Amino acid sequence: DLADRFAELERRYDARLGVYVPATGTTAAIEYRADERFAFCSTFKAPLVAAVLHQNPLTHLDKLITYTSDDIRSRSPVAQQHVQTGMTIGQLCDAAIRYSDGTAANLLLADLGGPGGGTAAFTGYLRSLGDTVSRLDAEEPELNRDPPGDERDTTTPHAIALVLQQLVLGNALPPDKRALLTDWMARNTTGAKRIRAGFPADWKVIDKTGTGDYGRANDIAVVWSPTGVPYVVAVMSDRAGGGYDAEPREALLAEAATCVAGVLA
């Protein structure tokens, strides 16, 4: 069955794989280690942007945030281009989603909850969406590096899927703010080889990736069939047996997505 097929992916990639797709009117839920904890890595940046959108008027997107070169302690290809002069909230949202910029996400955390309270406030946003499981405890780059088995900085496939479902398909956000989030996800530069690679080209896909130590590679997505029927897909993985420097395997996620697409076709 589907569980056997997912188990074979795990054997071949020497990995742990988590998959969740919510039920619809006509399709059963797809669940594989869906309630096991996996590190968010950069997947948290999608609800983070949602939180910042939700709590502020649209004009807040043009609020200028200044920061220094020494605020960059993580891979930040956009934020480095604009040090000292700063970046608007909107620019930070774009960078955090489309490039997975680390400093951009930290600055958004500070905008949401202040310098000390950002990770709690982010977690609290998830709580407001009924997610009582996920937790963000550290910011970039530490959130990508927690040991296997540690609950800190983790979500579950099930939990993050339900969050993304409310954000993109539900009414957690007003239409205008929702459209900004979905648009940034649609124009991301990091996700072509993950869930997108498992769905035929006539399906629409928007996603947010994450990558971390211990071979961590995640992708969360909303997809629409050629006739507009939506599904939410969360795929999470690690290769912790290889140690902190284990290589991530994007193709594992593409394969998991292909399995899902096959069932939903």
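The first residue of the sequence shown is number 1, and the count goes up from there.
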item: Higher-B stretch (mean Cα B-factor, as the entry records it), 75 to 83 or 107 to 115; value: 75 to 83
item: Segment of higher mean CA temperature factor, 121 to 129 or 168 to 176; value: 168 to 176
item: Highest-ranked of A240, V232, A217, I206 once sorted by CA temperature factor in the record; value: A240
item: From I65, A50, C41, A201, residue of greatest CA B-factor; value: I65
item: Ranked against its chain, the third holding the CA B-factor of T155; value: lowest
item: Ranked against its chain, the third holding the CA B-factor of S134; value: lowest
item: Third assignment of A28 from its chain's C-alpha B-factors; value: highest
item: Chain-wide C-alpha B factor ranking for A221, given as lowest, middle or highest third; value: lowest
item: Ranked C-alpha temperature factor of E36 among modelled chain residues, by third; value: middle
